[PDB]
Amino acid sequence: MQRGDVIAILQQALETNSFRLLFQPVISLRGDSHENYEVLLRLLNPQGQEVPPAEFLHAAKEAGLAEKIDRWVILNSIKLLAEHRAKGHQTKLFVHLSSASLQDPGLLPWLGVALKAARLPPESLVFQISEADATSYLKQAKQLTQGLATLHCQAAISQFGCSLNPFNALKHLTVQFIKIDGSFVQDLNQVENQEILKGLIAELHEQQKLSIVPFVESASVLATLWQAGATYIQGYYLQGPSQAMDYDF
Amino acid sequence: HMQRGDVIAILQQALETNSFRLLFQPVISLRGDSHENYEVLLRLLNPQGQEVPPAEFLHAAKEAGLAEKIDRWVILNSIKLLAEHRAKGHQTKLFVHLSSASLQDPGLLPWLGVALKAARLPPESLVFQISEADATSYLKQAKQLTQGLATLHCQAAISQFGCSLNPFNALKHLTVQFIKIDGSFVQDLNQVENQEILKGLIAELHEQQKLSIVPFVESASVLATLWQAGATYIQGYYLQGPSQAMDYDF
Ligand SMILES: [Mg+2]
Ligand SMILES: [Mg+2]
Ligand SMILES: [Mg+2]
Ligand code: NA
Ligand code: NA
């Protein structure tokens with residue numbers, strides 16, 4: 001019961017609408033009152049056991065289902081936002097887009113329709129694409145990001161800073177948030193890493209981006225990142241992924 | 001609380017109370033190999049019994065200078081489990097991850113010899129798995145570590161292989177028997193092009209005398225493609241996901 005054909009389990013989670021959505025809050029250090037949450041996707045097998053994320057994420061690609069799962073995630077997110085601005089909550093969701101989605105001319109038209117249906121507050125959704133993907137497909141990244149702006153969505157680049165000249169890719173994109181890569185967060189006891197981190201963050205602030213620094217695993221890491229100038233932070237010390245959007249912002 | 005905490009503090013205490021959990025994911029032979037082979041994976045529960053996401057505690061470890069201590073905990077507990085799983089007809093081999101902090105520590109190798117001296121394991125019971133990026137950043141220490149492992153009758157693997165500028169260059173200077181191909185090569189295998197690249201890569205690994213391991217077998221169609229390509233070993237949830245027990249039927 002810790003095995004299965006993940007490609008078939010995915011084909012059917014889709015058909016029973018049975019993925020599980022999790023939410024990991026993004027914490028504002030500089031006065032953002034939104035309830036920002038990153039959306040994460042989980043999958044259970046028929047026997048109710050969780051399939052390792054790396055495995056079903058790789059399955060989804062092996063099956064050519066990435067884009068179709070993105071649409072399920074987007075529609076269910078749109079749903080939840082509609083149901084959450086129901087109360088006072090200023091919820092904002094960070095939703096991942098696969099490379100397959102990025103390369104797809106059809107995403108934008110499709111999205112415009114769904115958003116119209118839902119009638120959500122503007123700037124309710126942020127689409128997050130990896131640095132590697134934006135860099136592979138700069139032209140499509142450029143097209144997609146301008147498009148989102150017309151729809152009153154925002155964009156984020158994640159795993160930022162690992163490429164040789166990472167700020168170049170940002171030249172023609174419309175992106176408000178930049179989530180720095182996890183590697184920058186390691187061993188900040190070494191003054192040199194504090195400086196690398198600090199200059200990355202300052203360079204981002206200089207290009208007028210909002211920095212998001214992940215993997216805050218204790219209060220000292222949090223304090224260090226606050227001093228370094230981080231706009232937002234995320235990590236288990238604040239809250240790990242949860243099935244509910246119940247974080248006290 | 002239920003789903004938050006200071007993971008650095010949790011790690012420091014987990015180390016002291018031995019309350020990490022080891023899981024095992026079978027590495028499965030297509031070329032007969034006698035062994036039960038398992039990859040060792042580390043899990044962590046918070047004090048309230050809820051699982052801390054591995055990426056979060058692996059980062060916490062690096063943030064607190066605890067990576068090598070965690071590796072040593074895993075090694076000792078892996079040695080322990082092997083000696084016990086020997087209590088049966090199980091010719092088990094374990095793949096154990098080494099962090100870049102361990103790879104860099106010249107203290108590692110003599111410490112390893114003491115750990116092994118005490119446990120009386122069959123030779124070639126442990127394979128130490130280093131990522132390509134780590135091996136490539138620290139090639140001198142990887143050369144030294146891997147020659148040393150052979151002296152200790154251990155083996156070595158490079159994982160996420162095939163992503164660096166010239167992947168086969170690093171291999172010239174290391175003592176490594178297993179090569180675990182990066183998952184990037186296992187995508188879109190639907191496409192004949194990607195099948196041929198993978199097939200070629202595996203063939204080249206064979207030429208260079210390495211045993212290839214291909215991860216992310218997520219269905220029969222993927223297994224089917226990999227079979228054809230002559231992979232020495234495979235791994236994935238379609239065969240068996242990580243489990244708390246070494247009870248796969250090889
Ligand atoms: Mg299938
Ligand atoms: Mg996250
Ligand atoms: Mg594994
Ligand atoms: Na945008
Ligand atoms: Na700082």
# chains A, B, ... in the order shown; residues from 1 in each chain; ligands from 1
>>> residues_around(residues="residue 67 of chain A", least_positions_apart="6", cutoff="10 Å", atoms="only C-alpha atoms", output="list in words")
residues 60, 61, 73, 97, 98, 99, 100, 101, 102, 103, 104 and 107 of chain A
>>> interface_residues(of="chain B", to="chain A", cutoff="7 Å", atoms="only C-alpha atoms", output="list in words")
residues 3, 4, 5, 6, 7, 8, 56, 59, 60, 62, 63, 64, 65, 187, 188, 189, 190, 216, 218, 219, 237, 238, 239, 240, 241 and 243 of chain B
>>> write_last_selection(atoms="N, CA and C atoms", output="compact mmCIF listing (two decimals), in the first residue's frame")
# COMPACT_ATOMS: atom_id res chain seq x y z
N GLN B 3 1.47 22.22 13.42
CA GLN B 3 2.22 22.29 12.16
C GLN B 3 3.20 23.46 12.04
N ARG B 4 3.89 23.77 13.14
CA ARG B 4 4.96 24.75 13.12
C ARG B 4 5.93 24.44 14.25
N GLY B 5 7.12 25.04 14.19
CA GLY B 5 8.03 24.95 15.30
C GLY B 5 9.41 25.38 14.90
N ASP B 6 10.29 25.43 15.88
CA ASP B 6 11.66 25.78 15.66
C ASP B 6 12.31 24.46 15.24
N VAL B 7 12.57 24.30 13.94
CA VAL B 7 13.07 23.02 13.45
C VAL B 7 14.53 22.81 13.86
N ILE B 8 15.26 23.89 14.04
CA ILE B 8 16.62 23.75 14.49
C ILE B 8 16.65 23.15 15.89
N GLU B 56 12.36 21.30 4.61
CA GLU B 56 12.39 22.31 5.69
C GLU B 56 13.46 21.83 6.73
N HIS B 59 17.05 22.01 5.24
CA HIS B 59 17.52 23.37 5.34
C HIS B 59 17.82 23.80 6.77
N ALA B 60 16.97 23.43 7.72
CA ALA B 60 17.24 23.79 9.11
C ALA B 60 18.61 23.24 9.48
N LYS B 62 21.24 22.73 7.67
CA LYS B 62 22.29 23.53 7.13
C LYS B 62 22.36 24.86 7.82
N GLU B 63 21.22 25.39 8.24
CA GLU B 63 21.24 26.68 8.90
C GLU B 63 21.90 26.63 10.29
N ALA B 64 22.00 25.45 10.88
CA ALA B 64 22.49 25.32 12.27
C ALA B 64 23.78 24.54 12.36
N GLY B 65 24.43 24.33 11.23
CA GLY B 65 25.66 23.57 11.22
C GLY B 65 25.43 22.15 11.72
N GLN B 187 11.80 12.52 -17.72
CA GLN B 187 10.61 13.24 -18.17
C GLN B 187 10.34 13.03 -19.66
N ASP B 188 9.08 13.18 -20.02
CA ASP B 188 8.66 13.18 -21.41
C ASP B 188 9.19 11.96 -22.13
N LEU B 189 9.37 10.85 -21.42
CA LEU B 189 9.88 9.64 -22.05
C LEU B 189 8.89 9.14 -23.09
N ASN B 190 7.68 9.71 -23.04
CA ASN B 190 6.70 9.55 -24.09
C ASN B 190 7.31 9.82 -25.47
N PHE B 216 12.30 7.52 -10.37
CA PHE B 216 10.99 7.98 -10.82
C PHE B 216 10.28 7.05 -11.81
N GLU B 218 7.25 5.61 -12.43
CA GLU B 218 5.95 5.91 -11.87
C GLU B 218 4.79 5.07 -12.49
N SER B 219 5.11 4.28 -13.50
CA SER B 219 4.13 3.40 -14.17
C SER B 219 4.83 2.34 -14.99
N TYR B 237 7.83 4.77 -7.25
CA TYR B 237 6.65 4.45 -6.48
C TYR B 237 5.83 3.30 -7.12
N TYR B 238 5.95 3.12 -8.42
CA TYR B 238 5.24 2.04 -9.11
C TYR B 238 5.80 0.68 -8.64
N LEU B 239 7.07 0.65 -8.27
CA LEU B 239 7.65 -0.55 -7.66
C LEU B 239 7.38 -0.53 -6.16
N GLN B 240 7.90 0.49 -5.45
CA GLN B 240 7.58 0.68 -4.05
C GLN B 240 8.07 2.04 -3.61
N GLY B 241 7.17 2.75 -2.93
CA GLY B 241 7.49 4.04 -2.34
C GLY B 241 8.29 3.82 -1.06
N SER B 243 9.17 3.13 2.58
CA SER B 243 8.45 2.47 3.65
C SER B 243 9.25 2.44 4.95
>>> select_by_dssp(residues="segment 24-246 of chain B", states="alpha helix (DSSP H)", output="count of residues only")
95
>>> closest_residue(among="A:66, A:230, A:244, A:95", to="ligand 2", atoms="only C-alpha atoms and all ligand atoms")
A:95
>>> residues_near_ligand(ligand="ligand 4", cutoff="6 Å", atoms="only C-alpha atoms and all ligand atoms", output="number ranges by chain")
A: 145-146, 148-149, 154-155, 174-175
>>> write_last_selection(atoms="N, CA and C atoms", output="PDB file, in the first residue's frame")
ATOM      1  N   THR A 145       3.597  37.046 -18.527  1.00  0.00           N
ATOM      2  CA  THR A 145       3.557  38.019 -17.441  1.00  0.00           C
ATOM      3  C   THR A 145       2.852  39.344 -17.813  1.00  0.00           C
ATOM      4  N   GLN A 146       3.040  39.835 -19.031  1.00  0.00           N
ATOM      5  CA  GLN A 146       2.295  41.053 -19.408  1.00  0.00           C
ATOM      6  C   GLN A 146       0.800  40.755 -19.355  1.00  0.00           C
ATOM      7  N   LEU A 148      -0.915  38.597 -17.531  1.00  0.00           N
ATOM      8  CA  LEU A 148      -1.483  38.526 -16.193  1.00  0.00           C
ATOM      9  C   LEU A 148      -1.796  39.897 -15.631  1.00  0.00           C
ATOM     10  N   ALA A 149      -0.905  40.827 -15.905  1.00  0.00           N
ATOM     11  CA  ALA A 149      -1.101  42.185 -15.425  1.00  0.00           C
ATOM     12  C   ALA A 149      -2.428  42.716 -15.984  1.00  0.00           C
ATOM     13  N   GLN A 154      -0.781  38.961 -10.382  1.00  0.00           N
ATOM     14  CA  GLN A 154       0.631  39.250 -10.209  1.00  0.00           C
ATOM     15  C   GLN A 154       1.437  38.022 -10.513  1.00  0.00           C
ATOM     16  N   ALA A 155       2.751  38.188 -10.649  1.00  0.00           N
ATOM     17  CA  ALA A 155       3.653  37.089 -10.916  1.00  0.00           C
ATOM     18  C   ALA A 155       4.843  37.113  -9.955  1.00  0.00           C
ATOM     19  N   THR A 174       7.176  40.988 -16.323  1.00  0.00           N
ATOM     20  CA  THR A 174       6.417  41.795 -15.367  1.00  0.00           C
ATOM     21  C   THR A 174       6.230  40.955 -14.104  1.00  0.00           C
ATOM     22  N   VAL A 175       7.127  41.113 -13.126  1.00  0.00           N
ATOM     23  CA  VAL A 175       7.045  40.315 -11.879  1.00  0.00           C
ATOM     24  C   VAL A 175       7.212  41.202 -10.661  1.00  0.00           C
TER      25      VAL A 175
END
>>> residues_around(residues="residue 230 of chain B", least_positions_apart="4", cutoff="12 Å", atoms="only C-alpha atoms", output="ChimeraX atom specification")
/B:29-31,195-196,198-206,211-214,223-226,234
>>> write_last_selection(atoms="N, CA, C and O atoms", output="CSV table (one decimal), in the first residue's frame")
chain,number,residue,atom,x,y,z
B,29,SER,N,16.8,-4.4,-9.1
B,29,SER,CA,17.8,-4.9,-10.1
B,29,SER,C,17.0,-5.3,-11.4
B,29,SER,O,16.0,-6.0,-11.2
B,30,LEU,N,17.5,-5.0,-12.5
B,30,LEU,CA,17.0,-5.5,-13.8
B,30,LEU,C,18.0,-6.5,-14.4
B,30,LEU,O,17.8,-7.2,-15.4
B,31,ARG,N,19.2,-6.6,-13.8
B,31,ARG,CA,20.3,-7.4,-14.3
B,31,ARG,C,20.6,-8.6,-13.3
B,31,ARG,O,21.7,-9.1,-13.2
B,195,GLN,N,13.7,9.3,-25.0
B,195,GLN,CA,14.1,7.9,-24.8
B,195,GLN,C,15.5,7.6,-25.3
B,195,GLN,O,16.2,6.8,-24.7
B,196,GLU,N,15.9,8.2,-26.4
B,196,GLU,CA,17.2,7.9,-27.0
B,196,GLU,C,18.3,8.5,-26.2
B,196,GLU,O,19.4,7.9,-26.0
B,198,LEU,N,18.3,9.1,-23.0
B,198,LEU,CA,18.4,8.2,-21.8
B,198,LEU,C,19.1,7.0,-22.1
B,198,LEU,O,20.0,6.5,-21.4
B,199,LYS,N,18.7,6.3,-23.2
B,199,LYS,CA,19.3,5.1,-23.7
B,199,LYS,C,20.8,5.3,-23.9
B,199,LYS,O,21.6,4.5,-23.5
B,200,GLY,N,21.1,6.3,-24.7
B,200,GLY,CA,22.5,6.7,-24.9
B,200,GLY,C,23.3,6.9,-23.6
B,200,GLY,O,24.4,6.3,-23.4
B,201,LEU,N,22.7,7.7,-22.7
B,201,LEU,CA,23.4,7.9,-21.4
B,201,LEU,C,23.7,6.7,-20.6
B,201,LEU,O,24.8,6.5,-20.1
B,202,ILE,N,22.7,5.8,-20.5
B,202,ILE,CA,22.8,4.5,-19.9
B,202,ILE,C,23.9,3.7,-20.5
B,202,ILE,O,24.7,3.0,-19.8
B,203,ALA,N,24.0,3.7,-21.9
B,203,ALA,CA,24.9,2.9,-22.6
B,203,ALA,C,26.3,3.4,-22.3
B,203,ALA,O,27.3,2.7,-22.1
B,204,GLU,N,26.5,4.7,-22.3
B,204,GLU,CA,27.7,5.3,-22.0
B,204,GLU,C,28.2,5.0,-20.5
B,204,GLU,O,29.3,4.8,-20.3
B,205,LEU,N,27.2,5.0,-19.6
B,205,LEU,CA,27.6,4.6,-18.2
B,205,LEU,C,28.1,3.2,-18.2
B,205,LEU,O,29.1,2.9,-17.5
B,206,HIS,N,27.4,2.3,-18.9
B,206,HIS,CA,27.9,0.9,-19.0
B,206,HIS,C,29.3,0.8,-19.6
B,206,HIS,O,30.1,0.1,-19.1
B,211,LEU,N,27.4,1.2,-12.8
B,211,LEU,CA,26.0,0.6,-12.7
B,211,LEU,C,25.0,1.8,-12.6
B,211,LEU,O,25.1,2.6,-11.7
B,212,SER,N,24.1,1.8,-13.5
B,212,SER,CA,23.1,2.9,-13.6
B,212,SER,C,21.9,2.6,-12.8
B,212,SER,O,21.5,1.5,-12.8
B,213,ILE,N,21.4,3.7,-12.1
B,213,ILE,CA,20.2,3.6,-11.4
B,213,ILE,C,19.3,4.7,-12.0
B,213,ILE,O,19.7,5.8,-12.1
B,214,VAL,N,18.0,4.3,-12.3
B,214,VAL,CA,17.1,5.3,-12.9
B,214,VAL,C,15.9,5.5,-12.0
B,214,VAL,O,15.2,4.5,-11.7
B,223,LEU,N,8.5,2.1,-16.8
B,223,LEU,CA,9.3,1.0,-16.6
B,223,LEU,C,9.6,0.3,-18.0
B,223,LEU,O,10.8,0.0,-18.3
B,224,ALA,N,8.6,0.2,-18.8
B,224,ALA,CA,8.8,-0.4,-20.1
B,224,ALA,C,10.0,0.4,-20.9
B,224,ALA,O,11.0,-0.2,-21.3
B,225,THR,N,9.9,1.7,-21.0
B,225,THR,CA,11.0,2.5,-21.6
B,225,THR,C,12.4,2.2,-21.1
B,225,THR,O,13.3,2.1,-21.8
B,226,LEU,N,12.4,2.1,-19.7
B,226,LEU,CA,13.7,2.0,-19.0
B,226,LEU,C,14.3,0.6,-19.2
B,226,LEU,O,15.5,0.5,-19.2
B,234,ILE,N,16.5,0.3,-11.1
B,234,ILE,CA,15.4,1.3,-11.2
B,234,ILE,C,14.8,1.5,-9.8
B,234,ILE,O,14.9,0.7,-8.9
>>> decode(residues="segment 94-172 of chain A", atoms="C-alpha atoms", output="mmCIF file, in the first residue's frame")
data_model
loop_
_atom_site.group_PDB
_atom_site.id
_atom_site.type_symbol
_atom_site.label_atom_id
_atom_site.label_comp_id
_atom_site.auth_asym_id
_atom_site.auth_seq_id
_atom_site.Cartn_x
_atom_site.Cartn_y
_atom_site.Cartn_z
ATOM 1 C CA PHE A 94 0.588 32.075 -4.799
ATOM 2 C CA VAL A 95 -0.015 29.378 -7.431
ATOM 3 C CA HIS A 96 2.664 27.505 -9.290
ATOM 4 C CA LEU A 97 2.802 27.208 -13.071
ATOM 5 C CA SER A 98 4.617 24.405 -14.742
ATOM 6 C CA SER A 99 6.937 24.818 -17.723
ATOM 7 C CA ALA A 100 4.312 23.027 -19.843
ATOM 8 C CA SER A 101 1.812 25.731 -18.865
ATOM 9 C CA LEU A 102 4.364 28.496 -19.482
ATOM 10 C CA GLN A 103 5.030 27.293 -23.068
ATOM 11 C CA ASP A 104 1.282 27.142 -23.818
ATOM 12 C CA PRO A 105 -0.184 30.064 -25.846
ATOM 13 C CA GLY A 106 -3.612 29.068 -24.604
ATOM 14 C CA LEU A 107 -3.193 29.687 -20.906
ATOM 15 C CA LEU A 108 -3.996 33.358 -20.866
ATOM 16 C CA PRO A 109 -7.298 33.267 -22.854
ATOM 17 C CA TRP A 110 -8.437 30.406 -20.624
ATOM 18 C CA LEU A 111 -7.555 32.201 -17.430
ATOM 19 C CA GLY A 112 -9.297 35.429 -18.406
ATOM 20 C CA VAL A 113 -12.574 33.549 -18.683
ATOM 21 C CA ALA A 114 -12.324 31.727 -15.337
ATOM 22 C CA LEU A 115 -11.405 34.856 -13.483
ATOM 23 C CA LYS A 116 -14.353 36.701 -14.984
ATOM 24 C CA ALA A 117 -16.714 33.910 -13.846
ATOM 25 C CA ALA A 118 -15.382 34.051 -10.305
ATOM 26 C CA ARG A 119 -15.411 37.853 -10.003
ATOM 27 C CA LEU A 120 -12.551 37.955 -7.514
ATOM 28 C CA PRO A 121 -10.973 41.079 -6.084
ATOM 29 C CA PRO A 122 -8.161 42.222 -8.339
ATOM 30 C CA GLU A 123 -4.641 41.179 -7.297
ATOM 31 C CA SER A 124 -5.998 38.060 -5.593
ATOM 32 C CA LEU A 125 -3.746 35.567 -7.319
ATOM 33 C CA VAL A 126 -0.013 35.420 -7.908
ATOM 34 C CA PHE A 127 1.409 33.040 -10.443
ATOM 35 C CA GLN A 128 4.775 31.612 -9.534
ATOM 36 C CA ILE A 129 7.215 30.320 -12.094
ATOM 37 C CA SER A 130 10.691 28.992 -11.486
ATOM 38 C CA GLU A 131 13.772 30.874 -12.529
ATOM 39 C CA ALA A 132 14.936 27.933 -14.611
ATOM 40 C CA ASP A 133 11.657 27.893 -16.528
ATOM 41 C CA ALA A 134 11.417 31.664 -17.049
ATOM 42 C CA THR A 135 15.002 31.524 -18.287
ATOM 43 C CA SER A 136 14.439 28.621 -20.648
ATOM 44 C CA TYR A 137 11.344 30.262 -22.103
ATOM 45 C CA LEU A 138 11.987 33.963 -21.758
ATOM 46 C CA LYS A 139 9.758 34.942 -24.672
ATOM 47 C CA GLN A 140 6.783 33.008 -23.332
ATOM 48 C CA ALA A 141 7.600 34.319 -19.824
ATOM 49 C CA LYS A 142 7.505 37.810 -21.235
ATOM 50 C CA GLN A 143 4.164 37.184 -23.025
ATOM 51 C CA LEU A 144 2.583 35.429 -20.045
ATOM 52 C CA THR A 145 3.557 38.019 -17.441
ATOM 53 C CA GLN A 146 2.295 41.053 -19.408
ATOM 54 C CA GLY A 147 -0.944 39.150 -19.874
ATOM 55 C CA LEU A 148 -1.483 38.526 -16.193
ATOM 56 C CA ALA A 149 -1.101 42.185 -15.425
ATOM 57 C CA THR A 150 -3.944 43.005 -17.831
ATOM 58 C CA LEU A 151 -6.002 40.448 -15.829
ATOM 59 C CA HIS A 152 -5.156 42.027 -12.487
ATOM 60 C CA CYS A 153 -2.951 39.114 -11.446
ATOM 61 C CA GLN A 154 0.631 39.250 -10.209
ATOM 62 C CA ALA A 155 3.653 37.089 -10.916
ATOM 63 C CA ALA A 156 6.574 35.717 -8.861
ATOM 64 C CA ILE A 157 9.826 34.163 -9.863
ATOM 65 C CA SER A 158 10.973 31.458 -7.496
ATOM 66 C CA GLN A 159 14.278 29.684 -6.965
ATOM 67 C CA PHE A 160 15.809 33.005 -7.937
ATOM 68 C CA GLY A 161 19.504 33.687 -8.045
ATOM 69 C CA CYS A 162 21.096 30.422 -9.157
ATOM 70 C CA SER A 163 21.666 31.228 -12.820
ATOM 71 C CA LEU A 164 24.832 33.050 -13.951
ATOM 72 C CA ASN A 165 23.244 36.453 -14.540
ATOM 73 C CA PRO A 166 19.839 36.076 -12.830
ATOM 74 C CA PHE A 167 18.817 39.737 -12.987
ATOM 75 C CA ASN A 168 18.943 39.723 -16.779
ATOM 76 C CA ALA A 169 15.950 37.397 -17.090
ATOM 77 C CA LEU A 170 13.957 40.023 -15.136
ATOM 78 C CA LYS A 171 14.574 42.707 -17.760
ATOM 79 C CA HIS A 172 11.492 41.975 -19.854
#
